[PDB]
Structure formats: C-alpha cells, structure tokens
Student: 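Sending over a structure as structure tokens; questions will come in a sec.
Numbering of ligands and ligand atoms starts at 1, following listing order. Numbered from 1 within each chain, the chains take letters A, B, ... in sequence-line order. These numbers come from the heavy atoms of this one structure, side chains and all, not from hydrogens, waters or symmetry mates.
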2 protein chains.
Amino acid sequence: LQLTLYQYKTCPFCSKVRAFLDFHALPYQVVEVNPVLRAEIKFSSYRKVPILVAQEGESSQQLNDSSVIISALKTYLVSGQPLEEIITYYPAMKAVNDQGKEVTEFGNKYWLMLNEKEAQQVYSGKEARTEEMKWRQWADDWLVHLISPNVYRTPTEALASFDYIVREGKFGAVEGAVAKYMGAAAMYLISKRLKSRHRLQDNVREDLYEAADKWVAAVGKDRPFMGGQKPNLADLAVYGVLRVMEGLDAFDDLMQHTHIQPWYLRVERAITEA
Amino acid sequence: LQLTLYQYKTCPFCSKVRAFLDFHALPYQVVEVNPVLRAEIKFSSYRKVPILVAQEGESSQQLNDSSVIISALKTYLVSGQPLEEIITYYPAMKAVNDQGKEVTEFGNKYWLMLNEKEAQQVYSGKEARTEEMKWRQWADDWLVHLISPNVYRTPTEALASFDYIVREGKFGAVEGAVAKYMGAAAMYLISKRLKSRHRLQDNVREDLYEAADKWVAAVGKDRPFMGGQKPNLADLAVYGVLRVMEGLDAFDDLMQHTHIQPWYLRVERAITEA
Ligand SMILES: COc1ccc2c(c1)c(CC(=O)O)c(C)n2C(=O)c1ccc(Cl)cc1
Ligand SMILES: COc1ccc2c(c1)c(CC(=O)O)c(C)n2C(=O)c1ccc(Cl)cc1
Ligand SMILES: [Cl-]
Ligand SMILES: [Cl-]
C-alpha cells in the first residue's frame with residue numbers, strides 16, 4: 001500500500017490528512033502542488049487538493065475529499081476491507097447551487113463504515129462515535145473559517161503569512177516573489193470580506209479564542225483527548241486545522257490567551273511518538 | 001408509536017415520506033401546513049417541512065429532513081433500536097454559505113444505520129445498498145428540479161398547478177384566491193429562471209423524459225423494482241417525487257412519452273397492497 005499525497009503544505013485540509021497519516025504512522029510520499037498552475041494535479045478530474053492515491057500493487061484508488069480520505073483510510077485500517085469498496089460508501093453528490101454553480105459534497109464523509117465489532121474496538125460507546133462526527137464537522141465548517149481572517153488580519157501579518165506559504169509551498173522563483181506581495185495584498189483585503197460573510201467579530205482574534213475554549217471545554221478535564229486515552233479523528237481534525245498557523249502571530253496568540261496548548265502539545269507528542 | 005406528519009401535500013418532499021409510510025403500512029396522522037403563515041409548524045426550530053414527530057408513550061422525537069425521516073424510520077423498522085438513538089446518526093450539519101447564508105445539511109441522510117445481519121436482510125448485496133443511496137440522491141438533487149419548470153412551464157399550466165396546490169393544500173378562502181392567480185404568475189416567471197439556473201433545456205419536457213428513461217434503464221428489465229422483488233427507498237423516492245404531478249399535463253406527458261408507467265403503476269399497487 002503506497003500512499004501519495006498531493007497537497008498545499010500550509011492548507012488546513014492537507015495538514016488534516018497529514019496529522020492522520022502521521023499519527024497512524026502510515027508511510028506516504030507527498031507531492032507539493034503549485035497553487036498557480038497546479039500541473040501536478042492535472043491527472044485528476046477532481047480539481048481540489050488534497051488528493052490521495054493509494055496504490056496496491058497494480059491497483060490504485062484516488063481518495064478526494066480531505067475528510068473522505070481520512071474516513072476511508074481509517075475504516076480500512078480497522079476493517080481491512082478493500083479500499084476500492086470502502087471509497088464506494090463515500091459518494092460524490094453533485095448538485096447545482098441556488099446560484100447555478102455545481103457543488104459536490106461527499107456522502108457520509110464523517111462516518112466510518114465499521115461493523116459492531118470493530119466499532120466497539122475504536123469507540124468508547126455510541127455517544128463517542130457521534131461526538132467526533134459532530135466535532136469533525138465543526139473543525140472544517142467553523143474552525144477553518146477563522147484561519148485566514150486571523151493570519152491576514154493585518155498587513156504585516158499578511159506578508160508573514162504569504163512569506164511562509166511561498167517558502168513552505170511550491171512556487172517558481174518568479175511567481176513566488178509576485179505571490180508574496182501581490183497575494184498578501186489580495187488576501188488581506190479578500191479576508192476582510194471573509195470575516196464579514198462568515199459573521200465574524202471585528203476582533204477576529206476573539207472568535208479564535210472562543211472556538212479554542214469551546215473545544216477544550218468539549219474535551220473536558222476527565223480525559224487527555226476527545227478520543228479518551230488516544231486522540232480520535234476529531235482531535236486530529238482540530239489539531240490539523242490549527243497547526244497550519246504554527247509560527248504566525250495568530251498561533252502565538254492562540255496559545256497565549258486560550259489554555260489550548262496543553263491539549264495541543266498532547267496531540268503533538270502522541271503523533272511524534274509515531 | 002404515533003406518527004404525525006406535518007406537510008405540504010403537493011410537495012415532493014412530503015410525498016416522499018408518505019410513499020414510504022404508506023408502503024410500510026405505517027399509521028400516521030397528517031397536519032397540513034399553511035404555506036403562507038405556517039402556524040402549524042411553529043413549535044419547531046426546524047423551519048422546513050415535512051417534519052415528523054414520533055411519539056412513543058410519553059417520549060417523542062422530531063425527525064426533520066425528508067430523507068432523514070425515511071432513513072431513521074426505516075433503520076428503526078429493521079433494527080428496532082430506539083428512535084432517539086437512531087436520529088442521532090443523522091446530525092444537522094450547519095455551515096455558512098459562500099454567500100453568507102447558513103445552510104444545514106444532514107449527515108449520512110441516505111445511509112441506513114444497519115448491522116451486517118439486518119443489512120443482508122434488506123439488501124441484495126453490497127452493491128445494492130450503495131446503488132439506492134445513489135438513486136435516492138438523484139431523486140431529490142436532480143429529479144425534483146424538473147417538477148416546477150414543467151408544471152409551471154405554461155401560463156395555463158401554472159394556473160392548473162396552483163389550483164391543485166390551493167385545492168389540495170391548506171389556504172384561507174381569501175389567500176387561496178390570491179395565491180391561485182398571484183402564485184401562478186410568480187411561479188411561472190420564477191420557474192423560467194429555475195429552468196436556467198439548473199441548466200435545463202428549452203423544452204423542459206425533454207429533460208423530464210430523459211430523467212424518466214435514465215431511471216427505467218437503471219431499474220433494468222431483469223427486475224420489477226430497483227429493489228428487486230419489492231421497491232426500495234430509491235423506488236419510493238422517485239415514485240414519491242413524480243406522484244406530485246399526478247393530474248397535471250406534465251404527468252400525462254411523462255407517462256405518454258417515456259415508458260415509465262409500467263414501473264410507476266407497479267410501485268403504486270405495491271403500495272395500495274399495503
Ligand atoms: C498554497 O495554497 C493554499 C495555502 C493556504 C490555504 C489554502 C491554499 C486554502 C484553500 C484551499 O485548500 O484550496 C486555505 C483555507 N488556506 C489557509 O487556511 C492558510 C493557512 C496558513 C496561512 Cl499562513 C495562510 C492561509
Ligand atoms: C404548498 O407548498 C408547496 C407546494 C408545492 C411545492 C413546494 C411547496 C416546494 C418547496 C418546499 O418543499 O418548500 C416544491 C419544490 N413544490 C413542487 O414541486 C410542486 C409540485 C406540484 C405542483 Cl402542481 C407545483 C409545484
Ligand atoms: Cl482548475
Ligand atoms: Cl489594519
């Protein structure tokens with residue numbers, strides 16, 4: 001089973017898949033996609049990243065959605081059922097938006113296709129299973145929306161963010177320089193609207209701290225991770241979404257004003273502990 | 001187990017739930033909602049219909065999404081697991097649209113929460129289970145979109161449709177008269193755009209026939225219903241969506257130019273056969 005992960009290193013969706021693969025010590029190769037030309041992903045009809053293709057000898061499968069990849073690869077690690085069958089339980093559901101745009105959502109993306117036996121093996125109980133599902137959805141439907149407005153909240157921050165994005169990502173020496181200044185500007189302004197459209201406060205930092213606190217309270221103090229002893233897909237989902245800001249002011253503030261570090265560091269070492 | 005179904009009689013979403021309850025000969029009461037004031041539904045935070053509340057003695061549960069109601073009530077009929085636990089597997093997933101609107105989708109809405117045993121009891125095999133799921137989604141993501149443009153396609157048709165909607169539904173003698181002419185007009189124009197936004201052909205009837213044919217070919221000629229011997233959630237989904245046009249020109253045309261009647265009539269008697 002050879003895993004190749006096509007990604008945008010600094011993207012919360014790719015970090016999410018990495019947090020999962022790393023935690024389960026799964027071996028994979030990563031091909032960094034060029035956000036401007038995206039030639040490395042032009043083999044797929046699915047036009048979003050991450051994309052993960054699993055090769056099993058002569059056979060191979062393309063897992064598209066970041067939440068679907070984790071769900072499919074996970075039910076696979078527990079059930080051992082063929083990946084080509086498992087990916088069949090998370091179908092791409094096409095529909096035309098109320099604006100005429102063709103959206104594609106993936107069915108059952110936060111549900112592991114597990115039987116009673118294996119389910120009892122990975123979950124605390126029925127309520128633990130539906131809880132991570134709810135928090136998996138929160139991570140990318142609410143939490144990720146707090147990244148941009150926060151890392152591009154100030155012109156200085158916007159430049160630091162794109163410096164890190166271009167340095168961390170794949171850009172030609174030329175488009176790198178352009179994207180560094182041009183992209184920081186566009187994103188600084190563009191995020192001013194993302195902040196509004198998503199109904200964020202004026203002090204976006206406060207929206208970040210609230211979510212952070214809302215999370216640690218959810219984890220509670222009776223357990224190290226929402227998953228209990230070890231982190232579960234929900235712990236790894238929030239971790240993966242937040243790690244993306246590591247090194248930026250947003251992250252330092254997060255750690256300094258929220259009491260989220262203990263859990264964060266906990267999920268980190270649980271990962272480095274392969 | 002007392003079932004109360006709040007609905008809009010002539011709506012495909014309510015017809016879908018009725019087609020299911022009827023087919024399983026489930027006893028329920030229906031309270032017709034006034035589309036204008038909707039007072040009869042103002043007990044629910046969920047602001048869409050159908051809504052189905054199941055009362056079990058002193059306890060009661062509100063099942064909101066038309067596909068979720070069918071999925072939950074169904075897994076319940078097979079597993080016997082408490083409804084209050086079952087509805088827990090189809091969570092409301094909130095998110096803010098790219099336009100700033102708060103949309104709510106229901107997780108795993110087309111997946112019955114069944115174990116190996118019961119699943120083998122209700123499905124032909126693994127491929128039969130994911131096939132109805134795919135056709136359940138088609139019914140409401142593609143098929144329903146062909147109803148309005150087709151039944152409001154012409155001014156004469158628009159009036160006949162609203163005559164039937166007001167006669168079939170719950171409107172005050174006054175607002176009924178208004179809605180009959182005012183609503184027919186609004187819908188005739190409004191559907192002119194629905195036809196465009198949804199990328200429908202100019203001859204919307206053709207879109208209807210194609211879908212119809214696409215369905216009968218899917219069912220094939222080796223089985224009476226997509227579900228084999230008896231109809232399954234996919235057969236009942238398409239039937240429920242189409243019945244809504246019964247009596248209108250659109251429906252007569254459908255039956256006359258598509259070879260869909262045989263299956264349609266087959267699902268009808270399978271239902272009347274309680
Ligand atoms: C190279 O491509 C990127 C990089 C970062 C991205 C995205 C795409 C998308 C979009 C997508 O997945 O296509 C989101 C939401 N990103 C961020 O959250 C983000 C993270 C850290 C910093 Cl410093 C600044 C921004
Ligand atoms: C009273 O309320 C109604 C009635 C009909 C409706 C809807 C709501 C919705 C919307 C909803 O569920 O809120 C859709 C999509 N309807 C139709 O398909 C339709 C069916 C038959 C005819 Cl003749 C004309 C139109
Ligand atoms: Cl593209
Ligand atoms: Cl500023």
Student: Please list, in number order, the atoms of ligand 1 under 4.0 Å from a heavy atom of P35(A).
Tutor: 1 (C)
Student: Are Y46(B) and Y6(B) an aromatic pair, judged by ring center distance below 6.0 Å?
Tutor: no
Student: Could you tell me which atoms of ligand 2, counted from 1 in the order shown, lie closer than 4.0 angstrom to a heavy atom of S161(B)?
Tutor: 23 (Cl)
Student: Is there a heavy atom of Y152(A) sitting under 4.0 angstrom from any atom of ligand 1?
Tutor: yes
Student: Which class fits the ring pair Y209(B) and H257(B): parallel under 30°, tilted 30 to 60°, perpendicular over 60°?
Tutor: parallel
Student: What atoms in ligand 1 come closer than 4.0 Å to a heavy atom of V244(A)?
Tutor: 20 (C), 21 (C)
Student: To the closest 0.5 Å, what do you measure between CG (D235(A)) and CH2 (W263(A))?
Tutor: 6.0 Å
Student: Under a 4.0 angstrom heavy-atom cut-off, which atoms of ligand 1 come close to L248(A)?
Tutor: 23 (Cl)
Student: Let's go through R205(A) and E157(A) carefully: what are the C-alpha distance in whole Å and the side-chain angles of both, what is the deciding distance for salt bridge (charged side-chain N to carboxylate O under 4.0 Å, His left out) to 0.1 Å, and is it a yes or a no?
Tutor: CA-CA 13 Å; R205(A) 222 51 139 206; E157(A) 264 159 300; 2.8 Å; yes
Student: Quick one: do the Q99(A) and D98(B) side chains pair a donor with an acceptor below 3.5 Å?
Tutor: no
Student: Looking only at protein heavy atoms, identify the closest one to atom 2 (O) of ligand 2 and say how far it is in Å.
Tutor: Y8(B) CG, 3.5 Å
Student: Check whether any protein heavy atom sits under 4.0 Å from atom 17 (C) of ligand 2.
Tutor: yes
Student: Which atoms of ligand 2 sit under 4.0 Å from any heavy atom of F13(B)?
Tutor: 12 (O)
Student: If you measure from each heavy atom of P12(A) to ligand 1, is any distance below 4.0 Å?
Tutor: yes
Student: Any atoms of ligand 1 less than 4.0 Å from a non-hydrogen atom of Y164(A)? List them with their elements.
Tutor: 23 (Cl)
Student: Show your reasoning for whether side chain to side chain contact (heavy atoms under 4.5 Å, CB included) applies to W138(B) and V238(B).
Tutor: CA-CA 9 Å; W138(B) 178 78; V238(B) 184; 4.2 Å; yes
Student: Please state which protein non-hydrogen atom is closest to atom 4 (C) of ligand 2 and give its distance, to 0.1 Å?
Tutor: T10(B) OG1, 3.6 Å
Student: Find out whether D65(A) and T104(A) are in side-chain contact, i.e. whether some heavy atom of one side chain is under 4.5 Å from a heavy atom of the other.
Tutor: no
Student: Hey, does the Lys NZ or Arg CZ of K192(A) hover above the aromatic six-ring of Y188(A), less than 6.0 Å from the centre and inside 45° of the axis?
Tutor: yes
Student: Test of understanding: given a 4.0 Å heavy-atom threshold, classify the contact between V144(A) and ligand 1 as side chain, backbone, both, or neither.
Tutor: neither
Student: Once you round to the nearest 0.5 Å, how far does CG of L63(B) lie from CG of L73(B)?
Tutor: 6.0 Å
Student: Suppose we measure from atom 9 (C) of ligand 2 to each protein heavy atom; which comes out shortest, and what is that distance?
Tutor: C11(B) SG, 4.3 Å
